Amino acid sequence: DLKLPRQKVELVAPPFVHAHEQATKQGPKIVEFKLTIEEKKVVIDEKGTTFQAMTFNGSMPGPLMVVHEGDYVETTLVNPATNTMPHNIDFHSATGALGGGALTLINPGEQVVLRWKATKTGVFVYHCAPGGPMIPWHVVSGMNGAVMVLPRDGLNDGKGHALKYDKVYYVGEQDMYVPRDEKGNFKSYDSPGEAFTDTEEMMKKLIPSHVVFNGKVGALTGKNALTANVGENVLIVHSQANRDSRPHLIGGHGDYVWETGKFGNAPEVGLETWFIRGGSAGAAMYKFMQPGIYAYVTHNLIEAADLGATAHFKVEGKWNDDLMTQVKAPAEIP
């Protein structure tokens, strides 16, 4: 029935984002994506704690999907026989059928194809939601990502001016609930099913053991620091499918911020810290003015420094002494 051009996208692992246009002269298309679910035991911290993860495409978060307003998003969801549980997908960008969840429940060995029209602009969470108590469990096990639906004219500041990013990163934040044994050590489990009873008991107490970006403590640091140059405008998409977060770029700002994540609303300007409601994605852009290391955190600093929720940027360029200078280096008090 729907006679539009088809375009395939090759998804890439976070924090990177598949190539796309901001402003476009294309009209509506059917944009084709494939997500393959993977249940796997992973390491989540530098001490070697393990975790029974459930993922879209092998990553936490799932990859960022990018389309334009009025596109149709056609997703093939694949649940290989090597998995143990049923799964589905719910897109907060989509209208009807519990976001798609009611049309995409697949057992191991099955796949399904869902199409939805991208009628709402912004960044949006997608997540698994099989039913009942399985809903939180699959989400906090890692089965969540985001989609970005851009205006065809690209982003604007609300005030007729264009807002073009030089690069975009997707930071997915994951609250994790790893039980401890009597000794106080984190437990390991042989299967997601075996982790379930202890994990649910902990979940209901609402305090995570770990809060991480890109699936692990330190994931977005070292060789895998985010990067920029002085003068570059960087868009940072941040999602949290279950729990609030308060992003902050240490040493920078949010020049233009859509904390509720929806481009029909003008961005706020000049923020220190913004707020991502659990169950949402938001976005912030910043033009870097100074070189050096930045930390990108949730500004519950206990979560940031002690539970895992810190990324770094390494920024190249020339130091600006007008903006900041060390007038007198540390010295003995006179």
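Numbers for residues come from their place in the sequence shown, where the first is 1.
Judged by mean Cα B factor in the deposited record, 73-81 ranks above the other of 73-81 and 141-149. When 86-94 is weighed against 197-205, 197-205 comes out higher, by mean CA B-factor as recorded in the entry. Ranking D244, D181, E259, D175 by the C-alpha B-factor listed in the PDB entry places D181 at the top. By the numbers in the PDB entry, the CA B factor is greatest at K159 among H238, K159, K216, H253.
When all modelled residues of the chain are sorted by CA temperature factor, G100 is found within the middle third. Per the deposited record, the Cα B-factor of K47 falls in the highest third when ranked against the other modelled residues of its chain.
In this PDB entry, the Cα temperature factor of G109 sits in the top third of its chain's modelled residues, the highest group. Residue-level temperature factors show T298 in the lowest third of its chain, judged at the C-alpha atom. Among the modelled residues of the chain, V230 sits in the highest third by CA temperature factor in this PDB entry.
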